[PDB]
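Residue numbers (the deposited numbering), protein chains in the order written: chain AL, 1 to 298; chain BN, 2 to 163; chain BM, 2 to 164; chain BO, 2 to 163; chain Ba, 2 to 163; chain BY, 2 to 164; chain BZ, 2 to 164. Okay, so here's the structure we're looking at.
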Amino acid sequence: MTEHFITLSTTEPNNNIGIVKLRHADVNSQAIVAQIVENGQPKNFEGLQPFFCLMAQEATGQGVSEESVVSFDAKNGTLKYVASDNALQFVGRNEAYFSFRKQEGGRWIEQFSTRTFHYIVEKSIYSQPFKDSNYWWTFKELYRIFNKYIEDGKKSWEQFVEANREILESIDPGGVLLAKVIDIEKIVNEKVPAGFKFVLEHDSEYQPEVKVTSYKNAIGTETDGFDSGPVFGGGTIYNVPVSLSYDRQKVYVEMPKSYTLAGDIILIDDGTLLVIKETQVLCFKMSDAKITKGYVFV
Amino acid sequence: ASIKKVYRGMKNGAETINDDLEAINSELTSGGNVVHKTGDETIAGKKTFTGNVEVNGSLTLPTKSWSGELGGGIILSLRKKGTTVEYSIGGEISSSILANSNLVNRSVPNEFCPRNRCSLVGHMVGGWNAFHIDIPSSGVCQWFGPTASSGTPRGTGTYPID
Amino acid sequence: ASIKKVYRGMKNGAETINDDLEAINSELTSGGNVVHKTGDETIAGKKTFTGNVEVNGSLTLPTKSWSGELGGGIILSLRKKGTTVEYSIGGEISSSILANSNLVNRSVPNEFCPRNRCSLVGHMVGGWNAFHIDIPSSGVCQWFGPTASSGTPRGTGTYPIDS
Amino acid sequence: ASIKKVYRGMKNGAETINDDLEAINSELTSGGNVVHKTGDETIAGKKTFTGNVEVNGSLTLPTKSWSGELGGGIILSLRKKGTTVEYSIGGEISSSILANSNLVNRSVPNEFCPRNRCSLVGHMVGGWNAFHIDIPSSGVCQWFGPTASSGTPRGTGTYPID
Amino acid sequence: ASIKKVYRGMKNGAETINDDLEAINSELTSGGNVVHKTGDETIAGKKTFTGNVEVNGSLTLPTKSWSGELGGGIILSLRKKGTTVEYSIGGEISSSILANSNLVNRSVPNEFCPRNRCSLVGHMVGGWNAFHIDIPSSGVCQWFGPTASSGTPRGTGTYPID
Amino acid sequence: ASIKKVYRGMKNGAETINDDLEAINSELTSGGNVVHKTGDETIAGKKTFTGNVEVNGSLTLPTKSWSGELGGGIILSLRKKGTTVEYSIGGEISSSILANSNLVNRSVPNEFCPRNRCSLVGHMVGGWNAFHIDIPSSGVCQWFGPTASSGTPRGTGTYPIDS
Amino acid sequence: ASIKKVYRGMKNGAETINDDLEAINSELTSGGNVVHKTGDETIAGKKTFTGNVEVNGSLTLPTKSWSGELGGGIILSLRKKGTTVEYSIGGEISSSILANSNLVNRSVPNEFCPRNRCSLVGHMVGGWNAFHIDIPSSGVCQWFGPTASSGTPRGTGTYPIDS
C-alpha cells in the first residue's frame, strides 16, 4: 500500500507546512505515516489514544471528523493512519491534525494535539457527477440502485417459481406426481448415462478406460474464427457420466441424453477422439489403447 | 513508578492517592530505576565520583588471561586487570637465543600490547645473572640480554598498557 | 519514608497528604535508603557498574601490612591492597644462605600467600648481582640465587595473589 | 523536587497534588539529587561501599605524568594512578656515575615521592648486569650499582607512594 | 518433550494430539535429551561401546604438560594424553652425574608418575653413546648410564602410566 | 517402546493414545534403544563418527598382558592397547647370547606379533651400550646386538601391530 | 519421521494417529536421524563426551603412510594415526654421512612434520652403537650421531606431532 511520510511537530509554528494529497476513490491503500516531535525530540504519547482530526470545509460542527488511529507506537512517537471512506468523502482543500487524549468517564483529563497540515483530496471519476438518462448522477448512487435491482430481481424470481410450483403441486392430490416425474426425468437426461450411445474401436485385447468431457467454444471451433468466442480456449467443461460396456476390440460408451450430439468425428494420432458440431465438442480420452474407429449407435 | 492521574470529580480519590504514595515510597526502599543503600543492583551509565570512594569488600575488574612460549623455551603468563597487565616469566631455555634477537615462536596478542615499550626485568636461576624482555606495540618480543643456550627464566610483576 | 495511610472520610485529608509528600521529598534530597549526588553515605550490597566509572578523589581498598626476617638478615615488607600485594626487600645478609635453599627463619602468612608461585626480582648493592625469591602457596620462601654470605638485598614492586 | 504546600480549602486541590506526585515521580527516573540506575550522573561526597563492587566498563583515577634525565643520561618516566606510581627506565649512560652516588641533574617532584625508600630494579642491555635506584622523600635519586660510564638502562614496573 | 494429557471428553482433542506428536517428532531430529546423527551435541554419562568405533575427524583427550630440569642439566618435557605420557629429553649436562645415582634437582609430579618402573632410552650427540632414565612411583629419577659430566642428551617417545 | 494399536471403534481410545504418547516420551528422556545425553548406557554396532570427537573423561580400550623370558634371562613385558603394544625390557643376562641369533627360550604369542618387523631400542646398565631386538611375524625374537654374556637390559616404549 | 497432520473432522483419524505413532516408534528402534543402542550408524557433528567412554571393540583413526630414503641409504617408514606418528628406521648406509649433518636425499612431508623437534633413538646392527635423528618443523632431517660410512640402522617407536 501507498504511504505518506510526515514529521509533525507540537512546538514549531508550521500551521500549513506539510501537504498530504490523495484521491476520492482510494479504499484502504492511502496511509499516513507520521513522526511526532516536541522541542526537537520525539514525544511519547503513552496512555493517550491517537485520533485523526479533520477540518472539512462544507461539513463542520462539534465533531467535524474524528477517528481513532489503530496502528501506532507511543514509545517512539510514530503512527500509521489509513485513510477511511469518511476521510476520502470530502473532495477539496482541507486541514487535518492528530490529537492524543486521555478519556475516562465521558470527560477528558489530558489532550495534546500536533500542528495543522494540509489534507487535500483530489476528485475521482466516482466522485465527479455525470449526466445519464437526462439526469445528473454520482457513481455510488447509480451503483446502489443497480445492486438493488439485481438483488430484488433474484428474490422476485425465486418467489415466482416457489408460488407457481405450489399452485401445481400443493393444491392437487395427483398434481404433486406430475411435478415430481418431470423433474426426475430431466435429471436422468443430464446426470444418468442412458440416452446417448457411442462405439469406440481399439487395438487392445483388454478393457481400456474411457473418460468423456463436453465443452463449447474450444480452440479453433468458434463461429467467427479464432478468438471470436466469449471464453478463449473453451468455455465450461463438463465431466460426462458414462456406463462402460466391452466386447473384443470394441468399447460401448453410454452417456446422458443431453450430451447427444451428431457431428464430425475427428481421430487424433493417439488414444483421443473428438465429435465436433460447430462450437459444441465432445471429447473421448482412452488409456492403455489406440482408437481405430469411432461412431454413434442408432 | 507507575502512578495514576489525580483530577477533579474522580471516583475513589482517596484510594488513588494512597496507592500512588505507596508505589512511590516502595521505590524509595527497593527496586525501580534508583540506586539504594541496601541490596544487589545493576548500574548503567558514566558515573563521575568527585568525592573520595571507599571499598570494604572486593573490587572486580574485567579479567583476561593468556600464556604462551615466546621463543627458545621462555613461557610468559599474562593477566589483564583494567589498565594494568600482570606478567609472569617461566619455563626453561632449550635452544640458543642470540643477543638483541627476536622471539618468533609465539606473539603477544594486541589486547595485551602496551602503547609504550615496556621492559620486564627478570632473574636467571643459578647465578647473579639478570635479563629483560621488551614488549613493543606490534607484540613481537625481543631478548635484550646476552647470548644464552641454557638456564631458568623467572620474574613476576606488573606493566602499564596505556 | 514513614508515611500515613490515606482513606475516604479521613479527618485532615489535605494535611496528612502534605506531610506524606514532604516526608518523601525529604528522602529525595538527603538520608533515607537512597544514594544521593551530595553528602557522605554508606552503601551495602553487590553493585554492578556496566558503564564507565570515574573517580576524582581517592580510592580506598582493604589494607593489611606485614614485616619480618625471612632468613639470614633478609627482611621483606609486605602490604596487601585488594588483589595486589606490594613487596619491599631490605636489610643485610648476615649468615650464609645456600643456592636453591628454603628460608626457614619466618614464613609468609596465608593471607599474603599467592595461588601460583611468584618471583621477586632484586639487586645486590655494590655489583651487577641479581637475585629472585619464590613465594609458594605454603609460605616458606625459597632463595633461588647462588650461595651468598654477605651483601645488601634491595627490590620494590608488586605481585598478584589470585589466578 | 520542587513541591507545593497542600492545605484545607485550597483552590484547585486536584491539580496541586497531581503535579506534586508527578514532580516526585520524575525525580525517581531521571535527574534531581538522587543517583539512578541509568544515565550519566555526577556524584559528590565520601561514599563507603561495604559490599562487593563490580566494574564492567573502565575505571578512571587521577593521572599525572613526569619525565626527565635524573643524572648521567638516565631518563625516568613516571605516571601516577591513584596510590600507585608506574616507573619506566630509559636512555643511555653518557658520563661516569660513581658507585653509591647521588644523581644531581634532575630531582623527582614531591607529588611522585613516596614516604619510604623504594628500589627500582633494572637490567643493562648486552650482559647479565643489574642495577637499582633508590628514591627517598626528598627526591634526590641514588645509583646503587657499580661505577659505570657506558650502557643502556632499562626497566618497567610499579612502586607504592604511601 | 513437553506433552499434554489426553483424556475422554476433552475439548479440542484434535489439536492436543497433533501438538503432542509434533513436539515428539521435533526431538527426533534436533535437540531434546537424545543424541542425533547430525549437529554439535554434549553427552554426559558412562558410555560403553561393545561394537567397533570409527573416527574420521579429530579425537580430543585431557592434556597436561610439564617441563623441568631433573638433575645435572637434563630437562625432560612430559605431556599426558589420558593413559599415555609422551616424553622429550633435552638440554646439556653441566655438572658431573654419578653412575646409578638419583636426580635430586626436580622430581616428576605424581600425576605423571607411572605404576611400574619405565626406562627411557636416549642418545648422546656426537658418538655411539646411549643412556636410560628410570622413573618410579615416587618421582625421583635415576641416571643408569656411566659417570658423565658433559654431553647433549636427546630422546623422544611414549611410556605407559598404568 | 511397547505401544498399543489405534483403530476405528476402539474401546477407551483416549486412554490408549495418552499411554502410547507417554511411553514414547519416556524413551526420549531415559532408557529404550536410543542413546541419551544423560545417564550410563551400553551401545552396540559399528558407529562411524565423521565429525570431531571430544572426551573430557577417561577412554578405555581392550587390554591383554604377557610376560616371559625370551632367552638368557631377558624378560619382556608386553601389553596390548587396541592397535599399539607397549613393551618393557627387564631382567639380567645369565647365559651367552650370540650376535644376530634367535632367542629360543619362549616365543611371543601371535596376538602380540606385528605384521612388519619391529625394532625395540634398549640400553645396557653401566655403560653407553645399546641393543635392539627384532620381533618378526613368526614370534621367535632375534637379538641383533653383539655377543654378550652379562649385563642388565632396559627399555620401555611402544610398537605398532598393523600396517 | 514423516508424520501427517491431525485436525478436527479428519477422515481416517484413528488410522492417521496409529500410523504417526508407529512411524515415531520405528525411529525409536532403528534408523532416522537418531543414534541407537543397536545397529551400524553414521554420526556427524562435534560430539563432546563429558563422562567416561569405554570401547570393547576396535577404535579406527585416520591413517596416512609414507616411506623414503632420507640420505646415505637410511629409509624411514612413517604411519600417522590421529595425533601420533609411528616411525620405523631401516635400510643400509652406503655413502659416508658426516656428524651433525643434514640428510638432503628425501625430505619429510609437512603432514608428518611435528611442531616441536623430536629425537628418534636407534641402534646399529653389529655392536653397542647408538644414533638419533632429529625431525624439525621444516622437514630436513639431521644425523646427530658420529661420522659413519657403513652399518645397518634400526629403530621402531612413536613421536608426537602437536605441542
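C-beta atoms are modelled at their ideal positions from N, C-alpha and C, and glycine is treated no differently.
Should residue i and residue j be called a contact, given that it needs their Cβ atoms to be closer than 7 angstroms?
i	j	result
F50 (chain BM)	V56 (chain BO)	yes
residue 164 (chain BN)	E42 (chain BN)	The requested residue 164 (chain BN) does not occur in the structure, where chain BN is confined to residues 2 to 163.
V126 (chain BO)	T153 (chain BO)	yes
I36 (chain AL)	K43 (chain AL)	yes
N19 (chain BN)	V7 (chain BM)	yes
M255 (chain AL)	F297 (chain AL)	no
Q30 (chain AL)	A83 (chain AL)	yes
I291 (chain AL)	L142 (chain AL)	no
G83 (chain BO)	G158 (chain BM)	no
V54 (chain BZ)	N103 (chain BZ)	no
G294 (chain AL)	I265 (chain AL)	yes
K38 (chain BZ)	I44 (chain BY)	yes
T221 (chain AL)	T272 (chain AL)	no
Under 8 angstroms by Cβ, that's how I've got residue i and residue j pegged, so tell me the actual separation to the nearest angstrom.
i	j	result
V70 (chain AL)	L54 (chain AL)	That belief does not hold up - the Cβ atoms of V70 (chain AL) and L54 (chain AL) are roughly 16 angstroms apart, past 8 angstroms.
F113 (chain BN)	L62 (chain BN)	Between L62 (chain BN) and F113 (chain BN) the Cβ distance is about 15 angstroms, and since that is not below 8 angstroms, they are no contact.
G52 (chain BM)	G156 (chain BN)	At roughly 36 angstroms, the Cβ-Cβ gap does not stay under 8 angstroms, so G52 (chain BM) and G156 (chain BN) are not in contact.
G128 (chain Ba)	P147 (chain BZ)	5 angstroms
Taking the alpha-carbon positions, what's the residue i to residue j distance?
i	j	result
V212 (chain AL)	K5 (chain BY)	47 angstroms
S228 (chain AL)	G263 (chain AL)	21 angstroms
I98 (chain BO)	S150 (chain BO)	6 angstroms
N39 (chain AL)	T11 (chain AL)	6 angstroms
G72 (chain BN)	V105 (chain BN)	6 angstroms
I94 (chain BN)	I75 (chain BN)	6 angstroms
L261 (chain AL)	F139 (chain AL)	46 angstroms
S31 (chain BN)	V36 (chain BO)	14 angstroms
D163 (chain BN)	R118 (chain BN)	10 angstroms
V181 (chain AL)	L168 (chain AL)	13 angstroms
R9 (chain BM)	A15 (chain BO)	15 angstroms
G69 (chain BY)	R107 (chain BY)	7 angstroms
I219 (chain AL)	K285 (chain AL)	17 angstroms
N101 (chain BN)	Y160 (chain BN)	21 angstroms
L77 (chain BY)	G91 (chain BY)	6 angstroms
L60 (chain BZ)	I136 (chain BZ)	28 angstroms
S138 (chain BN)	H124 (chain BM)	28 angstroms
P115 (chain BM)	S66 (chain BN)	16 angstroms
With which residues is residue i paired in a DSSP beta bridge?
i	result
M125 (chain Ba)	Ba:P154
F51 (chain AL)	AL:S68, AL:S99
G69 (chain BY)	BY:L77
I4 (chain BO)	Paired residue(s): none; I4 (chain BO) is not in a bridge.
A149 (chain Ba)	Ba:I98
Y160 (chain BM)	BM:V86
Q159 (chain AL)	Its beta-bridge partners do not exist; DSSP assigns none.
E93 (chain Ba)	In DSSP, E93 (chain Ba) forms no bridge with anything.
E42 (chain BO)	BN:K48
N103 (chain BM)	BM:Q143
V54 (chain BY)	Ba:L60, BZ:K48
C119 (chain BO)	BO:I136
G92 (chain AL)	AL:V121
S113 (chain AL)	AL:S99
_Contact the stretch 13-33 of chain AL vs the stretch 114-130 of chain AL: 3+ CB pairs below 8 angstroms_ = yes
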